[PDB]
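Let's start with one chain on its own, the form deposited in one PDB entry, as structure tokens.
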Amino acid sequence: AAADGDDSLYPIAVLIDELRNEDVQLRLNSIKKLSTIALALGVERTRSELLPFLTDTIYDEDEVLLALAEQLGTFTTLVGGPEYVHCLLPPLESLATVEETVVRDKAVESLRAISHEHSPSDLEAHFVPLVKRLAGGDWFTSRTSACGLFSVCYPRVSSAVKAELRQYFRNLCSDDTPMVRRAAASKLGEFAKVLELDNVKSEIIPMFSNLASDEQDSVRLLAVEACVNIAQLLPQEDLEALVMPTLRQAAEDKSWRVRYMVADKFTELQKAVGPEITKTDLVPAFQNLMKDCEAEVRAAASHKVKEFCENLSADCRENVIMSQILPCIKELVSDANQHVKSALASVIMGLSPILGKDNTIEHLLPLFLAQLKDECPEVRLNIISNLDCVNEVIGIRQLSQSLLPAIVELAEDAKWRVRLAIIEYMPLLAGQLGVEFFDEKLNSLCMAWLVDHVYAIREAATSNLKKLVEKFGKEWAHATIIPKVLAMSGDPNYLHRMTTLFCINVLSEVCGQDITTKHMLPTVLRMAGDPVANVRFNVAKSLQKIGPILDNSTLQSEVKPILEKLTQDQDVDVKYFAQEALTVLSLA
């Protein structure tokens, strides 16, 4: 490095320059190239001149520091390799004390990364001292950052040093500052994972317990997670004595936020504790949560209903469900809160395959219908979106026999907001239950909307009919829809006869020239004789709409004559639309 007199610290100068710029987004790119500087500079000078500089001089914005923190996590080689990794601790230590939590986290991430580059000897000589300094810092941000450095260095150090570490983590757990206690509780699980079991059962448990009885709600709530972690590390035999007491204390905590957490992690708690305990403690506890005084907790528990039942031992399963859970589920269907009912409706039918066909029909269908008829759009939408499970269990015929009547009723609601929602369910119904579901009744419903007085409804029905034909095919249309369409041309109810015309207007667009000409046109032409003037002018409008799909020779010999006689009608509107059709079809 002697051959650098004219260099000395040239690259530093280059670096210093760009960092003197005013354009942040550009100074950022500089830090990203930091390595180039390190290269141009030797590893000996990078250590001695670049680092100290990056450790105290830098002042910049938070976005830059972040980039710097990230950079230092990939500088081991660029500084001399494993032999000199600790040289990075100082600048990283500085970044883990900044005010912007996001920057502190990157530094911590980088510190965890290079720790693996330290020889067990360097951990004790350099890494631990750093952890001790941070844990004892005057500024709380330093102590919060320390919490995340314990798990990476504990494994490789001496037994004597491990004992020192356990003690330092204990002190953090009982720090005066809530923010620090919260950070410790959040790392308690991952720290326990690298401890030997003896120390978990003797030291972790009491730290766990103390945090779970903390005076700060925000601290106690974080203990539930630690509870799942600690239970996963212990054998079944130790749970009752080392964990259950605290878990029970959490389930009955005065703060609903703590209880919320228990419900939010009930399935993991279930798996972690095993079926025996699940039966004795969790089953009763679950009933309480479903009946909590706070709706937030009741909603959290509702979401877990199917998963909880699904994981009960096949030994007691159906028994406790029928006798213990079902009754509670019945009451939740009538809960006064919408979030509660929504959460339930998104999972409740997943129970069908667990209860079997007979029970589903017997006990679930009634609840199924109640929710499907709810005032809350979210509730009924969740029911509609999960028909698969029930369908596989009971037949499509049994399901339709139960579902169809309710759909009918909703399809003709007095509120257009509702009628519209039902039209929106059609694609979900077709996609889930298939062609076998669209029977006579269902199809009539889809057609009747075309005569609704609200534009949005007619427009939606139109799209739906076309999508349906596009999915099931024109042959399905020819065999299942047209027959009915034609039958209504007879009906004495004029709205029905009008439905024939509107349907034809839509089907002509997707059934093709052949079916339209052979099975739709004849009916339209015959209706030109209808006694109701209302029907007659729509016949003209309909001929104008489907005419372009027809053969020119058909237009001239069959459409034209009919349109011409309609121009000789006594009704003012009939004569008007007849002549317009003639003009628009160039039969003028």
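Residue positions are given as counts along the sequence shown, with the first one as 1. Here the rigid core means the biggest group of C-alpha atoms that line up within 1.5 Å when the two forms are laid on top of each other.
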Determine, for stretches 68 to 76 and 108 to 116, which one has the higher mean CA B-factor as deposited. 68 to 76
When mean C-alpha B-factors in the record are compared for 19 to 27 and 568 to 576, the larger belongs to 19 to 27
Highest-ranked of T523, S542, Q556, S48 once sorted by CA temperature factor in the record: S48
Considering only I549, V535, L54, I562, which residue's Cα atom bears the greatest B-factor as recorded? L54
What third of its chain, lowest, middle or highest, does the C-alpha temperature factor of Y455 fall into? middle
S158's Cα B-factor: lowest, middle or highest third of the chain? highest
Split into thirds by Cα B-factor across the chain's modelled residues, where does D514 land: lowest, middle or highest? middle
Lowest, middle or highest third: where is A487 by Cα B-factor in its chain? highest
How does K279 rank on Cα B-factor within its chain, lowest, middle or highest third? highest
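From this point on, the text means the form solved in complex with a partner chain, which you will not see here.
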Name the stretch: of 512 to 520, 493 to 501, 85 to 93, 391 to 399, exactly one has residues whose heavy atoms fall within 4.5 Å of the partner chain in the deposited complex. 493 to 501
Let me know the one among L555, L525, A533, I549 whose heavy atoms come within 4.5 Å of the partner chain in the deposited complex, would you? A533
Contact with the partner chain in the deposited complex, heavy atom within 4.5 Å, among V408, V283, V194, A456 goes to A456
Check for me whether the partner chain, as it appears in the deposited complex, comes within 4.5 angstroms of all of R417, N538 and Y576 - heavy atoms only. yes
Is there a heavy atom of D571 no more than 4.5 Å from a heavy atom of the partner chain in the deposited complex? yes
Rigid-core-referenced C-alpha movement of 2 Å or more between the shown form and the other one, selected from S151, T516, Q371, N382: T516
Rigid core superposition, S334 Cα moves 2 angstroms or more between the shown form and the other one: no
Take the rigid core as the frame of reference and indicate whether the C-alpha of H453 shifts by 2 Å or more between the shown form and the other one. yes
Could you tell me whether the Cα atom of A241 shifts by at least 2 Å between the shown form and the other one after core superposition? no
So the CA-CA distance for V24 and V102 moves by at least 3 angstroms in the deposited complex. Closer or farther than here? farther
Since the C-alpha distance between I383 and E470 changes by 3 Å or more in the deposited complex, give its direction relative to the shown form: closer or farther. closer
